[PDB]
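To start, the structure under review is shown below, and the notes come after it.
Residue numbers (the deposited numbering), protein chains in the order written: chain H, 47 to 95; chain I, 96 to 121.
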């Protein structure tokens with residue numbers, strides 16, 4: 047029994063396993079906004095849009 | 096008077112180059 051336990055003990059005497067986890071976040075945002083106000087104002091003939 | 100872009104020139108006849116310009120800005 048002592049020997050069997052010793053063999054298992056040998057298996058157990060294992061270093062805790064560390065892992066380095068590198069998860070990377072990549073965010074890309076591309077933005078285009080165009081607004082056009084087209085304006086014709088004349089008050090002489092009262093024409094204005 | 097209109098409605099969609101309401102207009103009734105008599106009411107502001109009570110009130111041309113200045114009044115209509117603004118009124119008609121729309």
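Note that CB positions come from ideal geometry on N, CA and C, so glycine has one too.
| Any residues in the segment 67-92 of chain H with a beta carbon nearer than 8 Å to a beta carbon of chain I? Which ones, in chain order? | Flagged, chain order: 87, 89, 90, 92.
| field | Anticipated Cβ contact below 8 Å, residue 94 of chain H with residue 119 of chain I, distance rounded | value | 5 Å
| Quick one: what's got a C-beta closer than 7 Å to residue 103 of chain I's C-beta in the same chain, skipping five residues either side? | 96
| task | Rounded to whole angstroms, what's the CA-CA distance from residue 82 of chain H to residue 121 of chain I? Just pull it up for me. | result | 16 Å
| query | Taking just the CA atoms, how far does residue 116 of chain I sit from residue 92 of chain H? | reply | 6 Å
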